[PDB]
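Chemist: Have a look at this one.
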Amino acid sequence: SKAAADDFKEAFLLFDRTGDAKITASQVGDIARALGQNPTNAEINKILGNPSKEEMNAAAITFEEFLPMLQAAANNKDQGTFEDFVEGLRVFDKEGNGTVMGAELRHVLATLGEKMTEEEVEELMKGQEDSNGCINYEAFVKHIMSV
Amino acid sequence: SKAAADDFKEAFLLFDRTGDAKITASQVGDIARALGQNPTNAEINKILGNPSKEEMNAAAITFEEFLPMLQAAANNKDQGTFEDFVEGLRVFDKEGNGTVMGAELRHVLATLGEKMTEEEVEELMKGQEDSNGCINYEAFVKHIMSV
Amino acid sequence: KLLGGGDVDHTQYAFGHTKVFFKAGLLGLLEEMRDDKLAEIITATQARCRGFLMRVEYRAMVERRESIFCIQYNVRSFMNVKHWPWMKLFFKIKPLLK
Amino acid sequence: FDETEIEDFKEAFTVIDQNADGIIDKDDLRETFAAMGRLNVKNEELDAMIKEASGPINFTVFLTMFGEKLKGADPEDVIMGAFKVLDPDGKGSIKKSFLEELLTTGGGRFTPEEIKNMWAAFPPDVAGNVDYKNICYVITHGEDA
Amino acid sequence: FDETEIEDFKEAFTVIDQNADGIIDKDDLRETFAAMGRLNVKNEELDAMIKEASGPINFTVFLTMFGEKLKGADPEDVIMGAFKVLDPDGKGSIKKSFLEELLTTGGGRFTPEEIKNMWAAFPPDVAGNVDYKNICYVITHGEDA
């Protein structure tokens, strides 16, 4: 709305590697996340196809399509409730203390639903899981929502 | 035709070591390749013999024979299709990734058909094959068609 | 692995646990046709290679161009010099230096 | 001529010019040879060294005389550069017949007869093309080390 | 610009300004090159160095010209700082493919083509990303050491 945030246009100049002021359709998922929006990858996929837009063939972009797609994704930020994120992992391990065994969270984050690479899974556990093999998800989900 | 390319005559002065403006019949194969023509060595051999020309005895040349032999070889450049070069090596190794094991390509290029020396085989693999012993022929055939 | 080479019909045969199977005189006929067809396919694929093979030789020959010269001239010097008073002198003396 | 090689010739010029006036005369040649152990150095050897110059041996006349005799002189690091390109896998001294074929077949300076003279004081390994490195030493500083 | 780097440029300014008046003219450039061994230094090379300035080469004009060409110049201790963070376990030179992937995937300055130029004079180890340290040397002081 501007509140006209012109820093979204300045961040589009940091993600366009050619400097022509266009951003390919394959970068739009990760740049919506870097502007403070977490649409799921199936949602980013649907919307695209919904608009008869094929992410399979070469793509370019213009700021005039990327701005309204970020504004259509911005209504879905009401789905980001931290009660359900901590209660999900509280149902994932027994006893009254928030600890996932290391390999349980790593294999679930790579193979269940939207596949996260094991390189990204190791980069999200690095520091929050110590050598006991127990990830405290009270501080883990706190630090994941700090970015 | 000239398009009269007079640089073919200037390249004949770079390959004639005596400066008399003649190039021996044994150099004509490699100089057709250096002018942008890839006739196979049996083809260069046949044509020669076809014309009752013996590459076994001393030979000289004149520009007036080398020009029409380069123009007779220039029609055969329609045989250089890169689909069949990459599909040849794709049938040469299993799995869905373009990698020949090092020694498979080296022994096939030296002993199968027109014998390439192992010195030339090592000079064609140098840089494209790393220490894993796997030659990626997608980039290997790309760089071989860059010259 | 062997059958890898040859301008032969890669059809006409068939392998199995204890032996290869081979056609003649029909399958024999087939192969033959096939054989010719690879000379084509092959003969043409050879060429480029051959071509290309030498094309890399030129890139090396050329690189080498000067490194030789350097080597070339460089030696010659010495052959001339090594017999020169002044140079022997420098030689015995070259060490006392720092 | 790299600048450290010119500083080495300036230090050799100062050790032969024992009068320190900037011009090496025949007395400096004889007194430098006598300080190296040459008690019998003839005057005809000193006259043949001075007969290679058109004037007195000052620093620039000594540099131009050495320049004109060393027109293909190569420092040890550039000779080992070229021998590392001839042995691109490192460590190994290259074969005798490979250096004989590549000297001849590339250039006229690598003709055989000259290759027999290369083997002739540059011993076997050196001559053969197997060792390496001792030949770079004796091309920058002559005689057996 | 750290102050010891500015004192190094003040010492280089005094070695090229052999008249010691504070302004490097074309005669100072030619006499510094002749004292390094350049007897054939053309006047067009001296004119191209003076054509990079809008005025006489005093100490602040030499510092602003070097500042504008070295806008990403990094001292050896900060380059080794960043390479110790890339190899956080110490001692080991980092892999060739790890530096190619991390240069590209983080930044546009680490794009490949540029990575082929990095391997191209920064040799293998350096290029590969295995050794380390020789590249910090040649980024603060160029040419082969």
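Lettering and numbering for the structure tokens are positional, with chains as A, B, ... in the shown order, residues counted from 1 in each chain, and ligands counted from 1 in the shown order.
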Which residues of chain E are close to chain A, meaning at most 12 Å apart when you count only C-alpha atoms, and how do they look as a PyMOL selection string?

Modeler: chain E and resi 104-111

Chemist: Export C-alpha atoms of the chosen residues as a PDB file, in the first residue's frame?

Modeler:
ATOM      1  CA  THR E 104      28.118 -18.918  -6.829  1.00  0.00           C
ATOM      2  CA  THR E 105      25.305 -19.753  -4.391  1.00  0.00           C
ATOM      3  CA  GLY E 106      25.759 -16.932  -2.118  1.00  0.00           C
ATOM      4  CA  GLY E 107      26.651 -14.128  -4.357  1.00  0.00           C
ATOM      5  CA  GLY E 108      26.686 -12.948  -7.947  1.00  0.00           C
ATOM      6  CA  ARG E 109      30.400 -12.071  -7.554  1.00  0.00           C
ATOM      7  CA  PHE E 110      31.087 -15.787  -7.103  1.00  0.00           C
ATOM      8  CA  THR E 111      29.306 -16.685 -10.509  1.00  0.00           C
TER       9      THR E 111
END

Chemist: Hey, what's within 12 Å of region 2-4 of chain A if we count only C-alpha atoms and toss same-chain stuff fewer than 4 positions away? As a PyMOL selection string, please?

Modeler: chain A and resi 8-9+67+71

Chemist: Need the shell around region 19-30 of chain C: protein/DNA/RNA residues with any atom at most 10 Å away, counting only C-alpha atoms. Skip same-chain ones fewer than 6 positions apart. Format as a ChimeraX atom specification?

Modeler: /C:8-9,11-13

Chemist: Store the residues of this selection in a file with C-alpha atoms, as a tab-separated table (two decimals), in the first residue's frame.

Modeler:
chain	number	residue	atom	x	y	z
C	8	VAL	CA	29.15	-55.67	-36.34
C	9	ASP	CA	25.34	-56.14	-35.79
C	11	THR	CA	21.60	-57.58	-32.57
C	12	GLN	CA	22.63	-60.87	-34.08
C	13	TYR	CA	24.00	-62.07	-30.76

Chemist: Tell me the residues of chain C close to chain D, meaning within 7 Å using only C-alpha atoms, as a VMD selection string.

Modeler: chain C and resid 67 70 to 78 81 to 82 90 to 91

Chemist: Keeping only N, CA and C atoms, write the selected residues as a PDB file, in the first residue's frame.

Modeler:
ATOM      1  N   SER C  67      57.793 -21.502 -24.652  1.00  0.00           N
ATOM      2  CA  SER C  67      58.500 -22.204 -23.601  1.00  0.00           C
ATOM      3  C   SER C  67      59.687 -22.952 -24.122  1.00  0.00           C
ATOM      4  N   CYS C  70      62.546 -20.302 -24.992  1.00  0.00           N
ATOM      5  CA  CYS C  70      63.111 -19.994 -23.706  1.00  0.00           C
ATOM      6  C   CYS C  70      64.102 -21.043 -23.391  1.00  0.00           C
ATOM      7  N   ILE C  71      63.649 -22.251 -23.526  1.00  0.00           N
ATOM      8  CA  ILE C  71      64.564 -23.333 -23.268  1.00  0.00           C
ATOM      9  C   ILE C  71      65.651 -23.285 -24.312  1.00  0.00           C
ATOM     10  N   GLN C  72      65.242 -23.130 -25.573  1.00  0.00           N
ATOM     11  CA  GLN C  72      66.185 -23.117 -26.703  1.00  0.00           C
ATOM     12  C   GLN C  72      67.378 -22.220 -26.471  1.00  0.00           C
ATOM     13  N   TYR C  73      67.134 -20.934 -26.574  1.00  0.00           N
ATOM     14  CA  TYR C  73      68.165 -19.935 -26.390  1.00  0.00           C
ATOM     15  C   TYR C  73      68.965 -20.125 -25.118  1.00  0.00           C
ATOM     16  N   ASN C  74      68.226 -20.259 -24.017  1.00  0.00           N
ATOM     17  CA  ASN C  74      68.781 -20.393 -22.674  1.00  0.00           C
ATOM     18  C   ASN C  74      69.948 -21.300 -22.482  1.00  0.00           C
ATOM     19  N   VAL C  75      69.908 -22.424 -23.198  1.00  0.00           N
ATOM     20  CA  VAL C  75      70.953 -23.446 -23.157  1.00  0.00           C
ATOM     21  C   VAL C  75      72.190 -22.962 -23.883  1.00  0.00           C
ATOM     22  N   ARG C  76      71.926 -22.543 -25.112  1.00  0.00           N
ATOM     23  CA  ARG C  76      72.942 -22.004 -25.982  1.00  0.00           C
ATOM     24  C   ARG C  76      73.881 -21.045 -25.262  1.00  0.00           C
ATOM     25  N   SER C  77      73.295 -20.113 -24.457  1.00  0.00           N
ATOM     26  CA  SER C  77      74.021 -19.153 -23.671  1.00  0.00           C
ATOM     27  C   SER C  77      75.163 -19.886 -23.029  1.00  0.00           C
ATOM     28  N   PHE C  78      74.743 -20.659 -22.074  1.00  0.00           N
ATOM     29  CA  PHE C  78      75.568 -21.447 -21.255  1.00  0.00           C
ATOM     30  C   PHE C  78      76.704 -22.147 -21.966  1.00  0.00           C
ATOM     31  N   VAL C  81      79.121 -19.384 -22.662  1.00  0.00           N
ATOM     32  CA  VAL C  81      79.558 -18.741 -21.490  1.00  0.00           C
ATOM     33  C   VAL C  81      80.450 -19.554 -20.608  1.00  0.00           C
ATOM     34  N   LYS C  82      79.984 -20.727 -20.231  1.00  0.00           N
ATOM     35  CA  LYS C  82      80.686 -21.646 -19.356  1.00  0.00           C
ATOM     36  C   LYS C  82      82.194 -21.721 -19.612  1.00  0.00           C
ATOM     37  N   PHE C  90      82.664 -15.267 -11.850  1.00  0.00           N
ATOM     38  CA  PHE C  90      81.349 -14.994 -11.235  1.00  0.00           C
ATOM     39  C   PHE C  90      80.856 -16.216 -10.515  1.00  0.00           C
ATOM     40  N   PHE C  91      81.182 -17.335 -11.132  1.00  0.00           N
ATOM     41  CA  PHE C  91      80.784 -18.610 -10.625  1.00  0.00           C
ATOM     42  C   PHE C  91      81.443 -18.931  -9.301  1.00  0.00           C
TER      43      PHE C  91
END

Chemist: So that I can check the surroundings of residue 25 (chain E), please list as a PyMOL selection string every protein, DNA and RNA residue that reaches within 12 Å of it, counting only C-alpha atoms and ignoring chain neighbours fewer than 3 positions away.

Modeler: chain E and resi 13+16-22+28-32+46-47+49-51+53+55-58+62

Chemist: Set the distance at 8 Å and use only C-alpha atoms: which residues neighbour residue 62 (chain A) once local chain neighbours fewer than 2 positions away are removed? I'd like the list as a list in words.

Modeler: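 My list of contacting residues is residues 21, 22, 23, 60, 64, 65 and 66 of chain A.
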
Chemist: Please report as a ChimeraX atom specification which residues of chain E come no farther than 9 Å from chain D, using only C-alpha atoms.

Modeler: /E:35-38

Chemist: Grab the residues selected above and save them as a CSV table (one decimal), in the first residue's frame with C-alpha atoms.

Modeler:
chain,number,residue,atom,x,y,z
E,35,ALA,CA,66.9,1.9,-11.6
E,36,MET,CA,64.8,-1.3,-11.6
E,37,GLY,CA,66.3,-2.4,-14.9
E,38,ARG,CA,64.0,-0.9,-17.5

Chemist: Can you pull out every residue from chain B that DSSP, working from the backbone, puts in alpha helix (DSSP H), and format the result as an MDAnalysis selection string?

Modeler: chainID B and resid 7:15 28:33 41:49 63:73 82:90 102:111 118:125 137:144

Chemist: Taking only C-alpha atoms into account, find every residue of chain B that has an atom no more than 9 Å from chain C, and write it out as JSON, numbers by chain.

Modeler: {"B": [29, 30, 32, 33, 34, 37, 38, 39, 40, 41, 42, 43, 79, 80, 84, 85, 108, 109, 111, 112, 113, 114, 115, 116, 117, 120, 121, 123, 124, 144, 145, 147]}

Chemist: If you run DSSP on the backbone here, which positions in chain A get strand (DSSP E or B)? Please write them as a count of residues only.

Modeler: 8
